[PDB]
Amino acid sequence: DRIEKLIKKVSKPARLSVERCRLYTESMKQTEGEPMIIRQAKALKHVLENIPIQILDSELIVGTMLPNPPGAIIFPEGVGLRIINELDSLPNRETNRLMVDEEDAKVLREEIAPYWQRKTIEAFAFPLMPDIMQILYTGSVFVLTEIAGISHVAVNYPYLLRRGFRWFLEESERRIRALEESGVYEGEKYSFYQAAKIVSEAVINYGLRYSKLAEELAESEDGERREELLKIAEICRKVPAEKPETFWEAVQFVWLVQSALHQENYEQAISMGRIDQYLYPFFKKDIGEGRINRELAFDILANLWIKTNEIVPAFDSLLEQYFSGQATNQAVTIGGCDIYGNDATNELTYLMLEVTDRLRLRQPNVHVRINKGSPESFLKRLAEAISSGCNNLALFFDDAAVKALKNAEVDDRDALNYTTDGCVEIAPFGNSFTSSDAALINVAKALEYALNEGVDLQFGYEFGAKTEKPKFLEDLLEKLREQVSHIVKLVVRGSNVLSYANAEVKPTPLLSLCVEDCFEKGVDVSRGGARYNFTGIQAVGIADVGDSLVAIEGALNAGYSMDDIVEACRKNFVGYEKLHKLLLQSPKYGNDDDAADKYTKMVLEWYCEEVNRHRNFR
Amino acid sequence: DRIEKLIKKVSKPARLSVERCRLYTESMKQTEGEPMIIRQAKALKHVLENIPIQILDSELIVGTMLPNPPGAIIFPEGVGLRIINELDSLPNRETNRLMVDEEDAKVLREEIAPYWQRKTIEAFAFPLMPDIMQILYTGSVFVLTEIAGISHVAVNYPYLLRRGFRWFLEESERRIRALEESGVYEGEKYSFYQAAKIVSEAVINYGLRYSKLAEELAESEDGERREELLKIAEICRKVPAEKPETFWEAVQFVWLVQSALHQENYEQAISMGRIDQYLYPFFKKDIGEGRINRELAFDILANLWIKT
């Protein structure tokens with residue numbers, strides 16, 4: 001069968017891919033001094049018209065993410081120069097090895113790296129946050145990922161599928177004329193539609209290139225396979241440009257723009273949203289009009305799932321410690337309810353679980369929404385996959401998720417119709433830009449500062465608020481809350497500078513077409529055109545500070561003083577081996593023990609309320 | 001008398017000046033990839049701290065517009081590359097002749113002109129109006145001067161004279177802090193005050209450079225002229241940074257920022273406004289407090305007129 005042939009042709013070793021990186025630079029050199037959003041449009045166009053393309057063994061859905069797959073795409077405008085600085089280590093290192101062709105290793109080191117030096121997002125942000133960049137790089141307090149770009153959004157496919165890219169091209173053209181009729185006082189809006197036009201043309205032409213390759217392969221091929229490649233030629237002539245009418249046409253639509261998006265936006269978390277909800281009209285029509293059968297539909301979805309394994313991240317040696325496990329995470333969201341609370345599981349939901357269960361590959365990140373009204377069969381079928389060790393599902397509980405969104409002031413209907421992207425991030429589907437992994441914060445470092453008067457306990461870094469030496473438990477709590485605050489403020493300042501930096505040196509016009517309100521308002525996504533705009537920042541170490549508080553509580557209670565406990569910590573419990581055993585014996589978060597897990601809860605609430613009050617640039 | 005000595009020392013032939021053009025490029029190379037408004041601030045600062053300066057024959061108001069006067073300032077970010085393309089014709093042409101030092105003619109042709117090629121205002125606008133650029137260049141229907149930059153504004157001197165540039169520096173600093181306290185969601189506003197800070201510092205330091213030259217010339221000078229240069233040292237230490245209190249202090253204020261503005265903005269129409277209205281408080285106070293007399297006041301204004 002077909003899946004078996006497809007599974008084996010993405011198990012070969014991964015490479016460092018360079019063709020996107022090169023052609024991007026090539027266009028950017030041709031375009032210097034032009035309006036940056038037009039430069040980004042023209043660059044994306046140039047890569048889509050000139051990247052080597054290939055249809056693979058027995059494929060029904062085409063669109064390689066990079067030429068000759070498993071690989072890493074390089075984004076030197078973001079954080080791709082990190083990896084050039086370590087080219088020697090890439091084929092022989094223990095995790096996420098990438099073969100590097102030494103002929104294009106020379107092209108990176110003396111053609112790419114000297115050009116993009118000081119043309120990056122980080123180059124914009126540096127003079128504006130030099131004190132933050134310094135403490136970012138110590139690796140100890142937070143990481144800020146918007147250096148690398150934004151991404152992290154489930155793409156609005158139903159917006160796209162109801163229009164098609166020939167609509168955008170023509171609408172951009174009507175809007176360019178009307179702007180000219182009023183004398184172009186709205187220059188920004190004008191640049192936008194100019195970019196949109198260009199970027200639509202690119203995507204139309206990109207589908208057309210795969211149509212031509214399909215035709216070229218079919219005058220050289222036999223029987224059923226020749227029938228398939230002729231269909232692929234016919235489909236890719238029509239869609240990404242027209243509204244699709246069949247299920248195969250829909251799935252080929254989404255994957256073309258999905259692969260396209262990966263040439264403009266960096267590798268993290270560009271997701272497909274509630275794919276079971278929006279492919280279902282095409283599916284239901286095709287079955288029972290005889291157009292397709294259940295096994296063909298399966299193979300179509302299988303092909304899509306399998307193709308998202310073509311990317312593997314361009315992480316250097318340090319980024320491999322903080323993001324280990326080849327994290328890219330094109331997510332997919334199945335199941336859940338409608339905007340009324342009714343169960344929205346359909347036959348395509350089940351199908352998608354099955355292909356997930358069979359494939360057991362690292363990618364797509366499949367996210368399953370369940371709630372109190374999910375069908376019992378579906379929960380059984382989820383439990384069967386998980387218990388048989390599939391290890392590739394995540395479960396999202398609607399009740400808690402829509403409550404979270406309603407407090408973030410999301411509309412009823414937009415919260416009910418939520419999507420997921422990345423790992424665990426939630427968002428209104430299709431009309432939001434949430435920068436869902438914009439930072440990660442070491443809240444343990446807050447506690448460390450909180451008992452050492454804003455100094456790192458073992459490194460001498462004065463990065464914390466200037467609190468005092470702590471005495472009792474109660475005034476370590478105040479000192480803790482103040483320190484969390486201080487650290488959050490550091491990342492909100494940092495991420496905002498970076499978000500302005502993205503808006504200025506890396507607007508992303510294709511992605512803008514895919515995120516609602518952007519195209520209609522004529523403002524790019526990185527400038528805030530999405531209906532909802534958020535910046536997701538993450539707490540790490542919430543149980544470590546929670547548990548340290550319980551352990552401080554009892555240790556003071558019976559016997560010891562505060563000065564002991566900090567000195568124990570500074571000295572790594574060497575010379576403090578009695579107390580250390582009492583600390584270790586203390587109640588821990590994870591055991592249903594209120595006296596322990598109340599502290600962790602409180603730490604999270606402090607964090608949450610310190611974050612949710614700040615506004616972002618967008 | 002003093003006017004006669006001043007009149008004759010701006011009647012010499014004009015040159016193509018290059019020092020602003022060079023130091024601008026020098027800073028812009030150090031600053032690539034930074035926020036453009038900060039780059040412009042840092043460039044202006046670099047030229048004001050490093051341009052050759054000179055006090056001239058019998059001057060009371062100092063601040064040469066370019067080193068070694070009558071000359072042209074080059075703005076390659078605007079329309080200064082037009083003139084590099086015709087360097088040969090400049091010393092020998094019938095109107096507006098400019099001597100070009102052939103050592104810095106080499107610096108324009110292969111250091112300035114290849115850098116600013118496609119970093120200009122026109123390079124931004126071209127892909128967005130290619131049909132207009134085509135009919136602009138036929139010379140027949142219109143000319144559009146904003147290729148060269150904007151300028152054309154009478155500068156608000158009374159706004160400036162009521163604050164002084166140390167006010168701006170400090171206020172920018174209060175405003176930078178308050179923006180940081182609210183997490184810098186207003187990035188643009190933040191870039192602005194960052195630029196303002198830098199640009200205020202530049203102007204304060206620029207007055208200070210002329211104060212130091214005045215002091216340096218006066219330990220080498222005799223009698224009345226030594227009295228004058230010591231006054232100029234005292235005035236340029238105080239103003240462009242503080243609010244002026246005397247008429248001489250006011251007129252030296254306006255001319256320093258006036259010469260400064262000409263290093264940032266292109267040569268057209270940077271004006272001084274209702275100068276008779278806003279210099280009159282300092283004038284009325286000084287006459288009848290005996291501070292100055294009518295003939296000194298005349299010479300002060302004469303110096304300003306002559307410097308433009």
# chains A, B, ... in the order shown; residues from 1 in each chain; ligands from 1
>>> closest_atom_pairs(of="chain A", to="chain B", cutoff="6 Å", atoms="only C-alpha atoms", output="tab-separated table")
residue	atom	partner	partner_atom	distance
A:33	CA	B:119	CA	4.9
A:34	CA	B:124	CA	4.5
A:35	CA	B:124	CA	5.6
A:118	CA	B:33	CA	5.3
A:119	CA	B:33	CA	4.9
A:123	CA	B:33	CA	5.3
A:124	CA	B:34	CA	4.5
A:492	CA	B:183	CA	5.7
A:493	CA	B:183	CA	4.3
A:496	CA	B:185	CA	5.6
A:616	CA	B:185	CA	5.1
A:617	CA	B:185	CA	4.2
>>> residues_around(residues="stretch 66-70 of chain A", least_positions_apart="4", cutoff="7 Å", atoms="only C-alpha atoms", output="ChimeraX atom specification")
/A:10,13-15,17,52-53,310-312
>>> residues_around(residues="residue B:206", least_positions_apart="3", cutoff="9 Å", atoms="only C-alpha atoms", output="PDB file with N, CA and C atoms, in the first residue's frame")
ATOM      1  N   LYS B  45      24.897  63.848  15.240  1.00  0.00           N
ATOM      2  CA  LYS B  45      25.769  64.043  16.385  1.00  0.00           C
ATOM      3  C   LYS B  45      27.204  63.942  15.947  1.00  0.00           C
ATOM      4  N   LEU B  48      28.443  67.018  14.133  1.00  0.00           N
ATOM      5  CA  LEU B  48      28.566  68.231  14.937  1.00  0.00           C
ATOM      6  C   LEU B  48      29.763  68.114  15.883  1.00  0.00           C
ATOM      7  N   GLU B  49      30.098  66.893  16.274  1.00  0.00           N
ATOM      8  CA  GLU B  49      31.245  66.710  17.147  1.00  0.00           C
ATOM      9  C   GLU B  49      32.573  66.660  16.394  1.00  0.00           C
ATOM     10  N   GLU B 201      22.104  66.370  23.094  1.00  0.00           N
ATOM     11  CA  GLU B 201      23.494  66.214  23.516  1.00  0.00           C
ATOM     12  C   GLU B 201      24.467  66.752  22.481  1.00  0.00           C
ATOM     13  N   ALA B 202      24.242  66.398  21.224  1.00  0.00           N
ATOM     14  CA  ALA B 202      25.016  66.883  20.096  1.00  0.00           C
ATOM     15  C   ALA B 202      25.103  68.412  20.050  1.00  0.00           C
ATOM     16  N   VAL B 203      23.944  69.063  20.196  1.00  0.00           N
ATOM     17  CA  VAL B 203      23.818  70.510  20.059  1.00  0.00           C
ATOM     18  C   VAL B 203      24.466  71.249  21.223  1.00  0.00           C
ATOM     19  N   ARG B 209      32.078  73.212  21.806  1.00  0.00           N
ATOM     20  CA  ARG B 209      33.259  73.195  20.941  1.00  0.00           C
ATOM     21  C   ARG B 209      33.634  74.597  20.517  1.00  0.00           C
ATOM     22  N   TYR B 210      32.636  75.438  20.250  1.00  0.00           N
ATOM     23  CA  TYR B 210      32.930  76.815  19.839  1.00  0.00           C
ATOM     24  C   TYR B 210      33.376  77.669  21.015  1.00  0.00           C
ATOM     25  N   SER B 211      32.997  77.247  22.220  1.00  0.00           N
ATOM     26  CA  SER B 211      33.389  77.904  23.451  1.00  0.00           C
ATOM     27  C   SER B 211      34.867  77.667  23.704  1.00  0.00           C
ATOM     28  N   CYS B 236      28.870  80.807  24.454  1.00  0.00           N
ATOM     29  CA  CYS B 236      28.747  79.452  23.891  1.00  0.00           C
ATOM     30  C   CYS B 236      28.888  78.304  24.880  1.00  0.00           C
ATOM     31  N   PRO B 240      23.632  76.974  23.609  1.00  0.00           N
ATOM     32  CA  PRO B 240      22.360  76.563  23.067  1.00  0.00           C
ATOM     33  C   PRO B 240      21.659  75.728  24.163  1.00  0.00           C
ATOM     34  N   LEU B 256      23.526  79.177  16.409  1.00  0.00           N
ATOM     35  CA  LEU B 256      24.097  77.853  16.587  1.00  0.00           C
ATOM     36  C   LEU B 256      23.140  76.778  16.091  1.00  0.00           C
ATOM     37  N   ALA B 260      23.399  74.260  12.937  1.00  0.00           N
ATOM     38  CA  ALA B 260      23.267  72.858  13.259  1.00  0.00           C
ATOM     39  C   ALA B 260      22.245  72.221  12.338  1.00  0.00           C
TER      40      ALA B 260
END
>>> residues_around(residues="residue A:102", least_positions_apart="2", cutoff="12 Å", atoms="only C-alpha atoms", output="list in words")
residues 15, 16, 17, 18, 87, 88, 90, 91, 99, 100, 104, 105, 106, 107, 108 and 109 of chain A
>>> write_last_selection(atoms="N, CA, C and O atoms", output="PDB file, in the first residue's frame")
ATOM      1  N   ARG A  15      19.449  17.244   6.294  1.00  0.00           N
ATOM      2  CA  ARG A  15      20.489  18.142   5.808  1.00  0.00           C
ATOM      3  C   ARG A  15      20.287  19.614   6.234  1.00  0.00           C
ATOM      4  O   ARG A  15      19.195  20.031   6.619  1.00  0.00           O
ATOM      5  N   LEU A  16      21.354  20.400   6.189  1.00  0.00           N
ATOM      6  CA  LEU A  16      21.204  21.834   6.283  1.00  0.00           C
ATOM      7  C   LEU A  16      20.889  22.387   4.886  1.00  0.00           C
ATOM      8  O   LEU A  16      21.748  22.406   4.008  1.00  0.00           O
ATOM      9  N   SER A  17      19.642  22.808   4.687  1.00  0.00           N
ATOM     10  CA  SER A  17      19.176  23.319   3.391  1.00  0.00           C
ATOM     11  C   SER A  17      19.505  24.800   3.190  1.00  0.00           C
ATOM     12  O   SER A  17      19.573  25.567   4.139  1.00  0.00           O
ATOM     13  N   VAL A  18      19.705  25.213   1.953  1.00  0.00           N
ATOM     14  CA  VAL A  18      20.357  26.479   1.740  1.00  0.00           C
ATOM     15  C   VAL A  18      19.682  27.308   0.643  1.00  0.00           C
ATOM     16  O   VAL A  18      19.814  28.526   0.596  1.00  0.00           O
ATOM     17  N   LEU A  87      29.112  25.595  11.776  1.00  0.00           N
ATOM     18  CA  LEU A  87      28.964  24.706  10.615  1.00  0.00           C
ATOM     19  C   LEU A  87      29.741  23.395  10.709  1.00  0.00           C
ATOM     20  O   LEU A  87      29.302  22.367  10.185  1.00  0.00           O
ATOM     21  N   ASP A  88      30.887  23.445  11.386  1.00  0.00           N
ATOM     22  CA  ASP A  88      31.751  22.286  11.542  1.00  0.00           C
ATOM     23  C   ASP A  88      31.110  21.184  12.368  1.00  0.00           C
ATOM     24  O   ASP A  88      31.281  20.004  12.063  1.00  0.00           O
ATOM     25  N   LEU A  90      27.879  20.447  12.803  1.00  0.00           N
ATOM     26  CA  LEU A  90      26.573  19.946  12.345  1.00  0.00           C
ATOM     27  C   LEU A  90      26.429  18.499  11.830  1.00  0.00           C
ATOM     28  O   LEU A  90      25.426  17.867  12.146  1.00  0.00           O
ATOM     29  N   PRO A  91      27.373  17.986  11.001  1.00  0.00           N
ATOM     30  CA  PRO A  91      27.130  16.579  10.630  1.00  0.00           C
ATOM     31  C   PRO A  91      27.478  15.582  11.732  1.00  0.00           C
ATOM     32  O   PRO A  91      26.843  14.540  11.830  1.00  0.00           O
ATOM     33  N   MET A  99      23.598  17.183   7.692  1.00  0.00           N
ATOM     34  CA  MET A  99      24.720  17.094   6.774  1.00  0.00           C
ATOM     35  C   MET A  99      24.849  18.449   6.110  1.00  0.00           C
ATOM     36  O   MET A  99      23.851  19.055   5.739  1.00  0.00           O
ATOM     37  N   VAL A 100      26.070  18.941   5.980  1.00  0.00           N
ATOM     38  CA  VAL A 100      26.273  20.190   5.272  1.00  0.00           C
ATOM     39  C   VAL A 100      27.141  19.959   4.041  1.00  0.00           C
ATOM     40  O   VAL A 100      28.243  19.433   4.144  1.00  0.00           O
ATOM     41  N   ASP A 104      28.256  24.542  -0.494  1.00  0.00           N
ATOM     42  CA  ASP A 104      27.426  25.628   0.012  1.00  0.00           C
ATOM     43  C   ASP A 104      27.728  26.066   1.467  1.00  0.00           C
ATOM     44  O   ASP A 104      27.186  27.049   1.940  1.00  0.00           O
ATOM     45  N   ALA A 105      28.629  25.357   2.148  1.00  0.00           N
ATOM     46  CA  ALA A 105      29.155  25.814   3.441  1.00  0.00           C
ATOM     47  C   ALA A 105      30.031  27.039   3.237  1.00  0.00           C
ATOM     48  O   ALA A 105      30.187  27.863   4.130  1.00  0.00           O
ATOM     49  N   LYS A 106      30.618  27.132   2.048  1.00  0.00           N
ATOM     50  CA  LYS A 106      31.463  28.250   1.663  1.00  0.00           C
ATOM     51  C   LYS A 106      30.555  29.419   1.306  1.00  0.00           C
ATOM     52  O   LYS A 106      30.892  30.579   1.548  1.00  0.00           O
ATOM     53  N   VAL A 107      29.394  29.105   0.734  1.00  0.00           N
ATOM     54  CA  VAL A 107      28.442  30.141   0.361  1.00  0.00           C
ATOM     55  C   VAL A 107      27.819  30.792   1.615  1.00  0.00           C
ATOM     56  O   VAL A 107      27.549  31.986   1.620  1.00  0.00           O
ATOM     57  N   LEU A 108      27.662  30.023   2.695  1.00  0.00           N
ATOM     58  CA  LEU A 108      27.125  30.568   3.934  1.00  0.00           C
ATOM     59  C   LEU A 108      28.128  31.469   4.627  1.00  0.00           C
ATOM     60  O   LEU A 108      27.775  32.533   5.096  1.00  0.00           O
ATOM     61  N   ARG A 109      29.387  31.049   4.654  1.00  0.00           N
ATOM     62  CA  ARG A 109      30.404  31.690   5.488  1.00  0.00           C
ATOM     63  C   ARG A 109      30.956  32.995   4.952  1.00  0.00           C
ATOM     64  O   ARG A 109      31.498  33.782   5.716  1.00  0.00           O
TER      65      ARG A 109
END
>>> select_by_dssp(residues="stretch 56-241 of chain B", states="alpha helix (DSSP H)", output="PyMOL selection string")
chain B and resi 81-84+102-107+113-116+121-125+130-137+157-161+165-181+187-218+224-238
